[PDB]
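Below are two forms of the same protein chain, given as structure tokens: structure 1, then structure 2.
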Structure 1
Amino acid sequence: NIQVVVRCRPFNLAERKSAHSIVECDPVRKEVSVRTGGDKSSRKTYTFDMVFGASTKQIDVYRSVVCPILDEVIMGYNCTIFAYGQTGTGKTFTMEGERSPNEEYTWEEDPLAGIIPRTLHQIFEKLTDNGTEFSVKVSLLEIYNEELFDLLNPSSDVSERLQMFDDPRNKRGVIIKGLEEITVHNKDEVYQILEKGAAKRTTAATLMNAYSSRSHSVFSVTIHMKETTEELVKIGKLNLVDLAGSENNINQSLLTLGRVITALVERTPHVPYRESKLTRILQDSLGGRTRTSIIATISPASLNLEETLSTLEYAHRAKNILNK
């Protein structure tokens, strides 16, 4: 029920100057195949909900996985997309993207743009003149060493950690004290909010060891919706989650995520949500009422074989998770 897709990254310039890809993707068979030994070899094979080869562009990812998810958010559902995988495989690439070099494109037209910018820009486009009044708010909550950080609040620095509490009102919910929600009033406000995030992230990285590889980041967008004739109320939420790299100090949230998934697929009565910040904040995305997808990202380099195999096995198990 949880939707699991595989994305392979392409080779960097250093791998050319010349590397052989050990990963073969077959989208129509929806399968990924890894070469483990070597004219004559052994291979490992996995079927996923969708597979995306090294030639896949950002627009292909958005149109195939995000577009249907965003339609469901607009319908009034909560959705979550995780990116999972080894550092270096394209978790941030997929979730955020990058800017094309030399100011070639405006941010809205940049084909290297990832899920977060494309989504924000499309919400405004989809709801431009249907019967739906709406507002958009975003937050970016991050977890490093089991501490909480607000990367969007422009009035306090990143030494300041946030406090998490059980929410009495709705069970299995939490309240993050001091977490800021920025109203995104229109498309022309999006980019600078994203820039503020990047700036504060650069501060985080100088103060915290391997921040960009070791932190989990949860970019949340909330769409409040109202249609008329009588007022019909829709609230849509989407979490865009860029996990800490899965490579094997200790990452309690990452360890706990794995153990939660294990419990859910084995149908164990006890599921250890409370054992980390990440699984408490996202418990509804794991066997709850939220529609969830996982993008498992992998490398094509034979160097990365073991971690590529670990990610695939991990992601494949997760296919068996049921929610809603």
Structure 2
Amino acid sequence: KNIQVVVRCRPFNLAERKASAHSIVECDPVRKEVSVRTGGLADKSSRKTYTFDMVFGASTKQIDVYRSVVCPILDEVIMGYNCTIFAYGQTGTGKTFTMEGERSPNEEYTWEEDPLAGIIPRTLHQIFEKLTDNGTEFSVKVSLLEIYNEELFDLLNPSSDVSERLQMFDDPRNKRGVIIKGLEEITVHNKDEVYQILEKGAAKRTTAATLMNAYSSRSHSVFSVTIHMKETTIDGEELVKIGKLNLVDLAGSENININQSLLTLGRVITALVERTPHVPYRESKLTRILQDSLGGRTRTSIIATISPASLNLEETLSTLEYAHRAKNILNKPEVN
């Protein structure tokens, strides 16, 4: 019902250690609380403390995130629901690391086994174990678009030029959802197809980053997975159940047509929590795509990412405030 909101804090990086950054963040997994030290040299006892559905401190690893947050959501996708997980937070804090992950250098690890892999690869792997281990007939289609400056780009298209644009339209079968005209949806026949698909997507992103200013922090990225499963009743009737999972990595929250989406996202959340009558979904590409995940029939989680350094105090607080409000968004989840 309420959307689930969790917080992940990344460890210090080398720049921060070189600069002797002190920590101002404290995670308590059991009480599910984050607590920010607030008063610098002036007031040593000051704190702001917030309660979330779950809390992940600096030493938390990609496997822990997946086990705690995604497994439950993945089961519900398998039972024929739509789900959305998204990452919100300041640039540099681990939205991408959490949602995609990285490759460990050289040969080192098989992609199914890279400890650095994030939610998207781990999920694609699990869909194959859980549904093959299980008998049952199924197909998996993925897609990956990016929104930048209110234009949409298709990272998995066979087209060789990233800058060729998609277009968006209302679904006549779902008052709350959209059709992306031109989107490539690639059918993923087994887990041995996965990596090449992602690698071509990554190569497409690299080109786009060289074409557009500050691409990697000003853009939103939407990875979707659609699964079709065959169910036979006890009467012997053959009916299909469809589950869809969107994995969204938002533009950096510090950025306030170039910020349109990140700004309409904020107004949308506000209009929902403060129960205002017209909710401005239409006003950005992002919120049209996410409309059903903010107040609709989709089950939603948010991963708020934060830095632990004293330097980013203000933005850290800002992310926590923003994400804590979002707990009061109520969805009405429903199978397809």
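One-based numbering along structure 1's sequence throughout. Think of the rigid core as the biggest set of C-alphas that the two forms share within 1.5 Å after superposition.
Student: After aligning the rigid core, which of 186, 106, 209, 130 is the one whose Cα travels 2 Å or more between the two structures?
Tutor: Between the two forms, the residue that moves is 130.
Student: After superposing on the rigid core, what is the C-alpha displacement of residue 161 between the two structures, in Å?
Tutor: Value for residue 161 between the two structures: 1.1 Å of C-alpha shift.
Student: Provide the displacement, in Å, of the CA of residue 170 between the two structures, taking the core as the superposition reference.
Tutor: A shift of 2.2 Å at the C-alpha.
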